[PDB]
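S.K.: Sharing a structure with you now.
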Amino acid sequence: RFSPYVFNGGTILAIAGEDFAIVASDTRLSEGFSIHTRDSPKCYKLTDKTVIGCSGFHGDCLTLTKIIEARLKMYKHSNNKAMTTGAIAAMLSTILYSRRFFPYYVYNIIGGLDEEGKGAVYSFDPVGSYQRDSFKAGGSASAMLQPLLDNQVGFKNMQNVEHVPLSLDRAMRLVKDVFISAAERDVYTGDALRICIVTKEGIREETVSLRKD
Amino acid sequence: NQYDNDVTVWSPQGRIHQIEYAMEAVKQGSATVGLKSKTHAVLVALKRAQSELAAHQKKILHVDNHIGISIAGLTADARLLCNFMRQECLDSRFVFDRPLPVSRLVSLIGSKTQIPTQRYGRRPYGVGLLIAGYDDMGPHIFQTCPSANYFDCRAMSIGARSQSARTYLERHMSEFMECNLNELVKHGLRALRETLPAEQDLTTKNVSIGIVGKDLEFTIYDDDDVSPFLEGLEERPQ
Amino acid sequence: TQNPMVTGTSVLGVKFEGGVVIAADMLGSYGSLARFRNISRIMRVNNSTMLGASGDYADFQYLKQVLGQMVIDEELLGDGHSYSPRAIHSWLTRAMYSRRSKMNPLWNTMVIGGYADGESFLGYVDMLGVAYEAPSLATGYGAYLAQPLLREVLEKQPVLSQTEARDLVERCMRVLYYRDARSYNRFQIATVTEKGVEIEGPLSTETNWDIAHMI
Amino acid sequence: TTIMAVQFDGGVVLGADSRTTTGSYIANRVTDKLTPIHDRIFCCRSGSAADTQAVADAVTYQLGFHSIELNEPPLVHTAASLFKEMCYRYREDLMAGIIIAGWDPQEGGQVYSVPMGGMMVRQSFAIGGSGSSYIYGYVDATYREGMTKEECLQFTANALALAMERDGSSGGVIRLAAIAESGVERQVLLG
Amino acid sequence: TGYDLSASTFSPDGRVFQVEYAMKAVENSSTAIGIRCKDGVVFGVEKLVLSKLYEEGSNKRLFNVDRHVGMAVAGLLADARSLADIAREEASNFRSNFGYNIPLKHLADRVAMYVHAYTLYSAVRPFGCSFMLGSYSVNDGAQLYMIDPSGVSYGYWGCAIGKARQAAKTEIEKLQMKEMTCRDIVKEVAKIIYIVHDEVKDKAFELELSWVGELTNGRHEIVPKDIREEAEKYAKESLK
Amino acid sequence: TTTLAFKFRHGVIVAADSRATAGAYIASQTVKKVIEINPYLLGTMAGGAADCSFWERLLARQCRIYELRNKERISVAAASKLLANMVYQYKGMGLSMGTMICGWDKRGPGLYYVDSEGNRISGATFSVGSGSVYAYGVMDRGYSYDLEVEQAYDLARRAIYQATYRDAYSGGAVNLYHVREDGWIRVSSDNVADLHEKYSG
Amino acid sequence: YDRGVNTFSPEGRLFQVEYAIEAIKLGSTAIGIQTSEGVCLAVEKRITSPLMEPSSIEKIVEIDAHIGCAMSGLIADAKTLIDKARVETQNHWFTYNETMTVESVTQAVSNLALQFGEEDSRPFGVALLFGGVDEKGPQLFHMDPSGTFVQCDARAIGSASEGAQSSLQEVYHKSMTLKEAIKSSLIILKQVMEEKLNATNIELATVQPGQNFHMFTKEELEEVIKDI
């Protein structure tokens with residue numbers, strides 16, 4: 001009989017820089033053993049300093065995005081200012097917990113700048129627990145991406161390697177290389193790569209192709 | 001005078017006096033002027049000080065990215081209709097994923113204010129809304145009234161002593177459809193200065209200007225960006 | 001709806017230069033019995049947008065009733081505003097998502113085609129509230145069968161003329177007749193342009209059976 | 001249970017068996033499966049007995065009240081619309097196989113089909129019931145456009161007799177009805 | 001008098017003055033007439049410009065209830081807008097419950113009972129509106145109705161609502177309306193509006209003509225009088 | 001997941017690990033499992049992530065209003081009782097919550113234990129988590145009421161280390177808080193791989 | 001006409017809310033001054049009995065740890081508005097991890113200052129002064145039973161309202177300091193009260209940016225009096 005959930009795939013990556021943040025995702029929308037479209041980016045520009053990604057069940061991703069954009073306007077006409085990055089992360093946890101006994105099947109990562117101009121990444125769970133990290137990878141290929149970023153960004157399990165902070169240009173080629181390796185071994189990943197870069201000058205977008213099989 | 005107590009009671013002449021009294025509450029507020037070109041709808045209001053050092057009470061307030069309203073009358077019914085106004089705009093964004101047509105938003109207000117003008121137990125809304133907007137068919141200037149008779153118009157001025165602004169607008173309404181953004185604004189604030197006693201001047205701290213444009217989001221200016229508008233004026237013809 | 005009684009089948013749709021063309025058959029199968037073999041499964045919404053559906057048919061008559069009222073209710077205002085095809089795609093998504101959240105869904109799968117402001121539109125709506133846009137769509141088994149024929153042409157050639165697109169659908173409707181147990185050799189083609197919505201009659205296919213003489 | 005409806009030039013012709021069973025036992029040997037609603041509109045019912053009796057009394061209450069307001073004879077399409085509203089709303093609760101037929105002054109003879117789902121469609125002829133699958137290929141090889149009334153009475157009598165011979169839930173006696181502009185001709189047949 | 005506050009009380013001779021008071025508030029509204037030909041109904045409204053800042057088609061009194069039904073209101077305009085939304089909503093339920101268009105004889109009964117309910121209770125007042133209902137069908141022809149604030153509703157061939165209610169139907173009745181086509185009626189409505197009070201105590205007015213019948217294929221819409229302008233070309237010929 | 005708390009002569013010691021898993025997959029290694037409710041109350045996170053995070057934040061919303069109305073801080077027995085009544089209304093609906101409430105009070109130190117089942121109990125030593133039973137052995141062998149301050153720091157740091165060694169669902173860093181009469185104070189936060197070289201010699 | 005809030009005058013107006021403003025006029029005086037170094041605040045107690053315990057009479061309450069308050073008029077209406085204003089900042093912190101700004105506090109408070117006949121009771125009898133240090137620096141606001149919310153630079157309400165405001169416009173300027181404005185305030189207070197000013201007639205409250213604690217003075221007030 002009727003089951004209210006289905007899985008759609010997707011992979012979301014975020015990296016908190018020193019004065020930037022990079023949010024990337026693929027554009028493939030799949031179901032079962034089919035491809036619905038090859039053009040469906042998971043990035044969403046909330047403000048000029050905050051980008052969210054949404055994976056999982058796609059019908060909840062469309063609903064949850066429209067709830068957040070309504071409450072941004074409800075904040076602004078009531079408080080005469082836009083929300084911060086940390087205020088959205090505090091608001092979203094209440095929204096996700098509000099349907100505790102019929103949950104959203106959505107994995108969420110919010111990347112953006114703080115009030116000091118530094119990067120900030122907040123990971124989530126489908127019930128609404130969150131924490132601030134430096135980098136997270138969510139979605140279907142999440143297990144294929146966390147061990148590599150621990151090596152390169154976190155410098156874990158490395159001996160006598162100095163800790164230079166990640167520059168912007170070095171962080172770009174790390175993002176472009178992890179999805180090429182992920183598209184080889186994961187079937188829910190490919191067809192494009194939409195990358196959003198949040199700086200103190202606006203939000204830049206960039207698209208890199210992947211393999212189409 | 002015995003018929004002059006409730007909204008329910010008709011008069012022996014057919015005129016309900018309680019609606020006639022709420023018209024008089026609109027004349028207690030200050031004057032405000034709205035007008036439009038083919039491409040730009042500009043409404044300009046006049047602030048009023050409470051004391052010498054208190055801030056001036058605001059008039060123009062943002063509603064949506066393509067609609068902003070002015071105000072005249074009770075501040076109780078001002079925010080009460082505003083909260084109903086903002087709620088309907090984001091519902092069309094949530095459901096239909098389009099902005100509202102400005103014309104059918106105002107028909108919701110007339111249905112809103114109709115019921116407290118007929119059932120007993122609630123006064124009419126003493127309020128003086130002027131509405132500027134952009135649907136797909138260009139700019140609009142609307143006014144309402146506590147008798148719920150909303151009017152489409154091309155220029156309008158309501159509030160205290162606002163007749164002198166209307167007489168200015170009738171002899172310049174032919175000029176309004178062709179001018180650009182710049183003198184359209186200072187066609188409008190040449191009309192407010194006849195709603196002033198001739199001994200004081202329209203300064204920076206007492207006037208607000210809101211503009212919504214065909215490619216321009218509704219923007220409220222106050223006290224600092226009014227100075228690019230107040231330049232290029234003549235004195236009063238005394 | 002927990003059990004769809006009378007169901008349809010796959011619906012095709014593809015954009016072209018200055019319009020969208022949509023086809024579906026005329027069959028009302030009940031399980032395996034082809035019980036109602038003369039029904040229409042394409043609704044002409046006002047002048048630009050246009051709807052076909054699959055899944056349960058009694059639920060389709062309900063949405064045919066509700067959307068029919070909303071279009072009338074805007075035309076009586078006469079303010080010069082109409083619903084864009086993207087607005088119908090937005091409204092229909094919220095109707096389906098709200099309906100599954102009560103665990104009492106509408107058993108359908110709907111394709112919305114529209115042409116407004118010189119722009120074609122082609123949208124999908126799932127039972128579970130999954131919606132997207134694409135230059136070519138297919139429901140049912142047509143997502144397995146006719147969909148690779150649509151994508152191969154659009155990748156080799158991104159734009160299509162009207163005669164190329166209409167000829168390409170009749171090939172895909174032919175292939176669905178061979179290998180779908182719920183298909184029927186009587187279908188109709190609806191097309192939006194800037195001239196409006198036009199629905200062609202009960203067309204038929206042309207089959208080949210020369211491999212039957214082989215062993 | 002097998003029900004039958006054929007329209008012709010003047011009006012429509014209805015027909016059904018009786019044999020109300022319960023499991024493998026016949027509870028009622030002879031049964032009025034066809035039911036009057038207004039003076040020109042009948043329906044023949046299938047599915048659950050207690051459900052379809054409850055629906056037909058509600059539609060007769062609503063349609064009978066509706067025509068006294070208008071001071072007009074009701075439309076057959078109006079009567080078929082009322083069964084659709086109750087069956088689509090109270091689906092997952094009812095098992096109803098209603099076929100509505102009858103003569104109308106505006107439109108003549110009409111036949112509508114409301115199956116267990118809740119949809120509504122007009123047909124030239126409509127059958128239904130449990131034993132409807134057996135004569136289902138006989139009826140479209142035998143049907144011919146432009147029959148008279150006496151041919152349709154002969155058509156449905158041979159059509160029902162094949163399922164009544166064959167289906168175990170069907171049989172009993174044939175009840176027929178002819179609805180036209182003049183009157184209603186009901187008869188009980190065996191053969 | 002001293003018995004006329006509530007609408008729930010009787011006078012000592014047996015009537016309700018709150019209904020009596022609300023009727024002659026409609027009397028101060030501008031004149032709107034209606035007339036039906038042998039294959040349709042033609043409306044006509046004398047509407048006056050407020051000052052100058054009216055924007056040529058604002059706040060019109062010709063409404064559009066259904067696909068084939070519209071109103072010709074006169075009286076309190078905002079009160080008629082809410083009353084028109086009752087009639088818009090009433091036809092949608094008949095469509096949803098019965099599957100075909102609302103008959104006009106039944107639509108006037110549903111509205112007039114709703115108008116009747118505001119004439120009973122002390123908590124509410126009667127409406128200050130009166131209006132027309134015109135439609136056309138191939139199975140029923142054309143009909144024309146009339147609803148007062150009390151709720152009395154029945155049919156006419158021609159009618160008028162406003163100040164000059166008597167002064168307009170004095171010369172409606174000198175027309176042979178049973179055999180005229182509605183295209184001939186449109187230029188004949190134009191003079192009846194233009195005869196009564198162009199600018200005597202007022203300044204200016206503007207003409208509005210609604211239009212339903214067989215020529216519109218059952219649709220109800222405004223006339224194309226921007227096309228051919230034949231109303232004012234023919235009504236202003238009555239100067240002599 | 002492994003937390004422990006014990007009170008002694010000089011206040012209350014709170015310590016916990018930082019590993020959060022998802023099945024057999026480690027989500028993170030830097031999870032703060034000791035929720036700082038107030039400058040005078042501390043709560044833990046043991047069983048359920050968003051459940052312990054939400055209801056303790058709702059408790060921190062509640063105790064502040066109590067302080068503004070009555071011009072006095074809430075007692076530790078009161079704040080434990082308010083959390084017990086909020087959870088009990090959702091009994092059987094599938095909440096996971098096993099936290100502890102710590103804080104100085106007018107009666108002295110305070111240590112209460114709160115379940116999602118409604119087991120509001122006081123006590124002297126507690127240890128909650130998947131690797132909780134690995135901590136009860138090493139702590140109770142070394143526990144005394146008259147321990148020193150630096151001795152009690154070494155006891156709790158050792159006890160988390162022995163729990164993360166045997167258990168698979170416990171690792172990361174080892175956090176350590178100290179509840180004093182005026183308020184709580186963060187002591188230290190050490191990685192297990194650094195403690196492995198210290199303890200092995 | 002008036003006798004009820006559901007009634008208009010022929011001219012405007014109420015005639016019911018006008019009478020509510022009159023109920024403020026028999027309250028005690030209260031002065032707050034906004035200054036870039038921070039917001040100071042002063043009030044007069046009007047103690048009746050020596051047996052009467054003084055700290056049970058509240059005039060400054062603490063809404064939040066960076067926002068003070070000052071009231072006049074009816075105490076019975078005041079305790080309701082103080083109760084909600086603590087909750088509204090508390091819910092905002094619960095769902096946003098931040099402090100509600102001083103302007104948007106009073107928006108939540110004024111939203112049931114105007115609900116008195118707007119359901120489906122009487123208006124309140126209390127005027128309020130709100131001072132606080134938010135992200136736009138120090139702020140000072142003022143409301144009324146008509147819900148008319150406004151920003152003031154230095155306001156004085158209660159009884160002796162007009163007598164204070166005339167004298168208070170004489171000494172205020174933009175470049176004041178906080179220690180200057182405190183002794184500038186109570187000069188006005190001893191001019192407008194009837195008793196000899198001492199450490200038991202008045203009380204103070206100051207909020208600073210770096211000093212979110214201590215919206216109060218506790219017998220340092222005795223030192224300020226001799227610095228007259």
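Residues in the structure tokens are named by chain (A, B, ... in the order shown) and by number from 1 within that chain; ligands are numbered from 1 in the order shown.
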What lies within 12 Å of residue 180 (chain C) using only C-alpha atoms, ignoring chain neighbours under 4 positions off, as a VMD selection string?
M.R.: chain C and resid 9 to 10 32 140 to 142 144 to 146 172 to 176 184 to 185
S.K.: Would you list, as a ChimeraX atom specification, the residues of region 19-174 of chain G that end up in alpha helix (DSSP H) under DSSP run on this structure's backbone?
M.R.: /G:19-24,75-96,102-113,161-171
S.K.: Between E:13, E:230, E:46, E:208, which residue has the minimum interatomic distance to residue 195 (chain E), considering only C-alpha atoms?
M.R.: E:46
S.K.: Hey, which bits of chain G sit within 10 Å of chain F, and for each residue what's the closest pair of atoms and how far apart in Å (one decimal), counting only C-alpha atoms, rows by chain and increasing number, as a Markdown table?
M.R.:
```
| residue | atom | partner | partner_atom | distance |
| --- | --- | --- | --- | --- |
| G:61 | CA | F:68 | CA | 9.2 |
| G:62 | CA | F:68 | CA | 7.5 |
| G:63 | CA | F:68 | CA | 7.8 |
| G:64 | CA | F:68 | CA | 8.1 |
| G:65 | CA | F:68 | CA | 9.7 |
| G:82 | CA | F:69 | CA | 9.9 |
| G:83 | CA | F:69 | CA | 8.3 |
| G:86 | CA | F:65 | CA | 7.2 |
| G:87 | CA | F:65 | CA | 7.2 |
| G:90 | CA | F:61 | CA | 6.5 |
| G:91 | CA | F:61 | CA | 7.5 |
| G:93 | CA | F:61 | CA | 8.3 |
| G:94 | CA | F:61 | CA | 6.5 |
| G:95 | CA | F:57 | CA | 9.9 |
```
S.K.: Region 66-73 of chain A: which residues within 8 Å, counting only C-alpha atoms, same-chain residues fewer than 4 positions away excluded, as a VMD selection string?
M.R.: (chain A and resid 46 62 77 82 to 83 92) or (chain B and resid 90 94)
S.K.: Save the residues we just selected, N, CA, C and O atoms, as an mmCIF file, in the first residue's frame?
M.R.:
```
data_model
loop_
_atom_site.group_PDB
_atom_site.id
_atom_site.type_symbol
_atom_site.label_atom_id
_atom_site.label_comp_id
_atom_site.auth_asym_id
_atom_site.auth_seq_id
_atom_site.Cartn_x
_atom_site.Cartn_y
_atom_site.Cartn_z
ATOM 1 N N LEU A 46 19.954 31.768 -0.144
ATOM 2 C CA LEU A 46 18.984 32.341 0.780
ATOM 3 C C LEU A 46 19.164 33.846 0.889
ATOM 4 O O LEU A 46 18.268 34.619 0.537
ATOM 5 N N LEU A 62 11.521 20.639 -1.761
ATOM 6 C CA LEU A 62 10.819 21.776 -2.336
ATOM 7 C C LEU A 62 9.959 22.467 -1.294
ATOM 8 O O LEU A 62 9.811 23.692 -1.317
ATOM 9 N N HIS A 77 10.418 42.099 8.031
ATOM 10 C CA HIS A 77 9.418 43.125 8.285
ATOM 11 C C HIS A 77 9.153 43.290 9.770
ATOM 12 O O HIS A 77 8.574 44.300 10.177
ATOM 13 N N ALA A 82 18.259 41.678 8.024
ATOM 14 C CA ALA A 82 18.286 40.308 7.539
ATOM 15 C C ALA A 82 18.867 39.382 8.599
ATOM 16 O O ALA A 82 19.587 39.808 9.504
ATOM 17 N N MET A 83 18.542 38.098 8.481
ATOM 18 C CA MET A 83 19.044 37.127 9.437
ATOM 19 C C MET A 83 20.528 36.877 9.215
ATOM 20 O O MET A 83 21.054 37.026 8.113
ATOM 21 N N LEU A 92 16.176 26.801 11.883
ATOM 22 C CA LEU A 92 15.902 25.582 11.136
ATOM 23 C C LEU A 92 15.773 24.374 12.049
ATOM 24 O O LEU A 92 15.001 23.457 11.753
ATOM 25 N N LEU B 90 2.518 36.790 0.860
ATOM 26 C CA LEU B 90 3.394 35.631 0.865
ATOM 27 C C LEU B 90 2.641 34.326 0.665
ATOM 28 O O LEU B 90 3.278 33.292 0.440
ATOM 29 N N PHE B 94 3.738 31.498 -1.796
ATOM 30 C CA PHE B 94 3.887 30.120 -1.357
ATOM 31 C C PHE B 94 3.086 29.163 -2.221
ATOM 32 O O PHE B 94 3.536 28.047 -2.490
#
```
S.K.: Could the residues of chain D that have an atom at most 12 Å from chain C be listed as CSV, each with its closest atom pair and the distance in Å to one decimal, counting only C-alpha atoms and ordered by chain and ascending residue number?
M.R.:
```
residue,atom,partner,partner_atom,distance
D:81,CA,C:61,CA,12.0
D:84,CA,C:58,CA,9.4
D:85,CA,C:62,CA,10.0
D:87,CA,C:58,CA,10.1
D:88,CA,C:58,CA,7.5
D:89,CA,C:1,CA,10.4
D:90,CA,C:1,CA,10.8
D:91,CA,C:1,CA,8.1
D:92,CA,C:1,CA,7.7
D:93,CA,C:1,CA,11.3
D:95,CA,C:5,CA,11.5
D:113,CA,C:36,CA,10.1
D:114,CA,C:58,CA,10.0
D:115,CA,C:6,CA,8.7
D:116,CA,C:5,CA,7.3
D:117,CA,C:5,CA,5.3
D:118,CA,C:58,CA,5.6
D:119,CA,C:58,CA,4.4
D:120,CA,C:58,CA,7.9
D:121,CA,C:39,CA,8.1
D:122,CA,C:39,CA,9.7
D:123,CA,C:38,CA,9.0
D:124,CA,C:38,CA,11.1
D:125,CA,C:36,CA,11.5
D:126,CA,C:36,CA,10.1
D:127,CA,C:35,CA,10.2
D:128,CA,C:35,CA,10.3
D:132,CA,C:35,CA,11.1
D:133,CA,C:33,CA,9.1
D:136,CA,C:35,CA,9.6
D:137,CA,C:35,CA,11.3
```
S.K.: Could you turn the residues from that selection into a file that holds N, CA, C and O atoms, as a compact mmCIF listing (two decimals), in the first residue's frame?
M.R.:
```txt
# COMPACT_ATOMS: atom_id res chain seq x y z
N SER D 81 -24.84 12.79 -11.59
CA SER D 81 -23.87 13.61 -10.87
C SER D 81 -23.96 13.40 -9.37
O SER D 81 -22.96 13.53 -8.67
N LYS D 84 -22.13 10.25 -8.26
CA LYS D 84 -20.69 10.44 -8.31
C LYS D 84 -20.17 11.15 -7.07
O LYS D 84 -19.08 10.83 -6.58
N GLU D 85 -20.96 12.07 -6.53
CA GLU D 85 -20.52 12.83 -5.36
C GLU D 85 -20.48 11.95 -4.12
O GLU D 85 -19.56 12.07 -3.30
N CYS D 87 -20.19 8.55 -4.17
CA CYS D 87 -19.27 7.43 -4.33
C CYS D 87 -17.81 7.88 -4.29
O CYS D 87 -16.97 7.15 -3.77
N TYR D 88 -17.50 9.05 -4.84
CA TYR D 88 -16.12 9.51 -4.80
C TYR D 88 -15.73 9.97 -3.41
O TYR D 88 -14.59 9.74 -2.98
N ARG D 89 -16.65 10.62 -2.70
CA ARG D 89 -16.37 11.04 -1.34
C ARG D 89 -16.26 9.85 -0.41
O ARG D 89 -15.25 9.67 0.28
N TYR D 90 -17.28 9.01 -0.39
CA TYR D 90 -17.24 7.82 0.45
C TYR D 90 -16.74 6.61 -0.32
O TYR D 90 -17.32 5.53 -0.27
N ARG D 91 -15.63 6.78 -1.01
CA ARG D 91 -14.86 5.62 -1.43
C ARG D 91 -14.02 5.17 -0.24
O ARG D 91 -13.96 5.85 0.79
N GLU D 92 -13.43 3.98 -0.38
CA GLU D 92 -12.82 3.17 0.68
C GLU D 92 -13.83 2.75 1.75
O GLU D 92 -13.43 2.21 2.79
N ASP D 93 -15.12 2.95 1.51
CA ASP D 93 -16.19 2.63 2.43
C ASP D 93 -17.35 1.91 1.78
O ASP D 93 -18.15 1.29 2.48
N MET D 95 -19.00 -0.32 -1.83
CA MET D 95 -18.77 -1.11 -3.03
C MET D 95 -20.03 -1.01 -3.87
O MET D 95 -20.97 -1.80 -3.70
N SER D 113 -22.45 5.37 -16.42
CA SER D 113 -21.78 4.31 -15.69
C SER D 113 -21.03 4.89 -14.51
O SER D 113 -20.19 5.78 -14.69
N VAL D 114 -21.31 4.38 -13.32
CA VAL D 114 -20.57 4.73 -12.12
C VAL D 114 -20.04 3.44 -11.51
O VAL D 114 -20.75 2.72 -10.81
N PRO D 115 -18.79 3.10 -11.78
CA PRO D 115 -18.21 1.89 -11.18
C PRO D 115 -17.73 2.13 -9.77
O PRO D 115 -17.97 3.19 -9.19
N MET D 116 -17.04 1.13 -9.20
CA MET D 116 -16.65 1.17 -7.79
C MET D 116 -15.67 2.28 -7.46
O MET D 116 -15.57 2.67 -6.29
N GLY D 117 -14.94 2.80 -8.44
CA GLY D 117 -14.00 3.87 -8.18
C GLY D 117 -14.67 5.17 -7.83
O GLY D 117 -14.40 5.76 -6.78
N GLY D 118 -15.55 5.64 -8.70
CA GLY D 118 -16.24 6.89 -8.48
C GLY D 118 -16.28 7.75 -9.72
O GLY D 118 -16.75 8.89 -9.67
N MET D 119 -15.79 7.23 -10.83
CA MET D 119 -15.83 7.98 -12.08
C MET D 119 -17.21 7.88 -12.72
O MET D 119 -18.04 7.05 -12.34
N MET D 120 -17.44 8.74 -13.70
CA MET D 120 -18.71 8.81 -14.41
C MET D 120 -18.43 8.97 -15.90
O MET D 120 -17.59 9.79 -16.28
N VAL D 121 -19.14 8.21 -16.73
CA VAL D 121 -18.96 8.29 -18.17
C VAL D 121 -20.27 7.93 -18.85
O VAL D 121 -21.06 7.13 -18.33
N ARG D 122 -20.55 8.57 -19.98
CA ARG D 122 -21.71 8.25 -20.79
C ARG D 122 -21.32 7.21 -21.83
O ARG D 122 -20.26 7.30 -22.44
N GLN D 123 -22.18 6.21 -22.02
CA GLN D 123 -21.94 5.17 -23.00
C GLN D 123 -23.20 4.90 -23.80
O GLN D 123 -24.31 5.23 -23.39
N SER D 124 -23.01 4.29 -24.97
CA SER D 124 -24.14 3.84 -25.76
C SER D 124 -24.82 2.66 -25.10
O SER D 124 -26.05 2.54 -25.13
N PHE D 125 -24.04 1.77 -24.50
CA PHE D 125 -24.57 0.67 -23.73
C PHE D 125 -23.59 0.36 -22.62
O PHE D 125 -22.38 0.54 -22.76
N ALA D 126 -24.12 -0.12 -21.50
CA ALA D 126 -23.30 -0.35 -20.33
C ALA D 126 -23.77 -1.61 -19.63
O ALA D 126 -24.97 -1.85 -19.51
N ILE D 127 -22.81 -2.42 -19.19
CA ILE D 127 -23.10 -3.60 -18.39
C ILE D 127 -22.30 -3.50 -17.10
O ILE D 127 -21.44 -2.64 -16.95
N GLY D 128 -22.58 -4.41 -16.18
CA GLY D 128 -21.88 -4.42 -14.92
C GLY D 128 -22.31 -5.62 -14.11
O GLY D 128 -23.24 -6.34 -14.47
N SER D 132 -20.71 -10.09 -15.47
CA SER D 132 -20.65 -9.26 -16.66
C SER D 132 -19.48 -9.61 -17.56
O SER D 132 -19.51 -9.26 -18.75
N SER D 133 -18.47 -10.30 -17.05
CA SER D 133 -17.29 -10.60 -17.84
C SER D 133 -17.54 -11.69 -18.87
O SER D 133 -16.74 -11.84 -19.79
N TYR D 136 -19.27 -10.42 -22.13
CA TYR D 136 -18.62 -9.15 -22.41
C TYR D 136 -18.07 -9.10 -23.82
O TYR D 136 -17.89 -8.01 -24.37
N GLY D 137 -17.77 -10.25 -24.41
CA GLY D 137 -17.33 -10.29 -25.79
C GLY D 137 -18.47 -10.61 -26.73
O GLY D 137 -18.36 -10.42 -27.94
```
S.K.: Taking only C-alpha atoms into account and nothing else, which residues of chain G lie no more than 7 Å away from chain B? Please answer as a compact mmCIF listing (two decimals) with N, CA, C and O atoms, in the first residue's frame.
M.R.:
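Done, and the output landed in iface.txt:
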```
# COMPACT_ATOMS: atom_id res chain seq x y z
N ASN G 6 -16.55 51.14 21.32
CA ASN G 6 -17.09 50.84 20.00
C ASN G 6 -17.95 51.99 19.49
O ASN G 6 -19.10 51.80 19.11
N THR G 7 -17.43 53.21 19.49
CA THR G 7 -18.24 54.39 19.21
C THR G 7 -17.32 55.51 18.76
O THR G 7 -16.26 55.70 19.35
N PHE G 8 -17.71 56.25 17.73
CA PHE G 8 -16.97 57.43 17.31
C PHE G 8 -17.65 58.71 17.76
O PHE G 8 -18.85 58.76 18.01
N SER G 9 -16.87 59.73 17.84
CA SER G 9 -17.29 61.11 17.97
C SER G 9 -17.69 61.65 16.61
O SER G 9 -17.36 61.06 15.58
N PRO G 10 -18.44 62.75 16.55
CA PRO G 10 -18.61 63.42 15.26
C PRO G 10 -17.33 64.07 14.76
O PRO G 10 -17.24 64.33 13.55
N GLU G 11 -16.36 64.35 15.62
CA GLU G 11 -15.18 65.09 15.19
C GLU G 11 -14.05 64.15 14.78
O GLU G 11 -13.59 64.18 13.64
N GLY G 12 -13.56 63.36 15.72
CA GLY G 12 -12.83 62.15 15.44
C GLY G 12 -13.66 61.03 16.03
O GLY G 12 -14.58 60.61 15.34
N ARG G 13 -13.40 60.48 17.24
CA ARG G 13 -12.17 60.26 18.03
C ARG G 13 -12.63 59.52 19.27
O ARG G 13 -13.82 59.29 19.46
N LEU G 114 -2.97 47.13 21.87
CA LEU G 114 -4.13 47.30 21.02
C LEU G 114 -4.70 45.92 20.73
O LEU G 114 -4.45 45.33 19.68
N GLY G 147 -1.05 52.31 22.03
CA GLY G 147 -0.11 51.54 21.24
C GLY G 147 0.79 52.33 20.33
O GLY G 147 1.54 51.73 19.56
N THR G 148 0.74 53.65 20.40
CA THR G 148 1.56 54.51 19.55
C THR G 148 2.99 54.43 20.04
O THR G 148 3.35 54.98 21.08
N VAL G 150 7.09 54.96 19.66
CA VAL G 150 7.90 56.07 19.18
C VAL G 150 9.26 55.99 19.86
O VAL G 150 9.42 55.32 20.87
N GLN G 151 10.25 56.65 19.27
CA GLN G 151 11.58 56.77 19.84
C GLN G 151 11.80 58.17 20.39
O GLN G 151 11.51 59.17 19.72
N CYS G 152 12.33 58.25 21.61
CA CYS G 152 12.60 59.52 22.25
C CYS G 152 14.05 59.56 22.69
O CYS G 152 14.65 58.53 23.02
N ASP G 153 14.62 60.77 22.69
CA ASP G 153 16.00 60.96 23.11
C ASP G 153 16.10 61.20 24.60
O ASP G 153 17.07 60.77 25.24
```
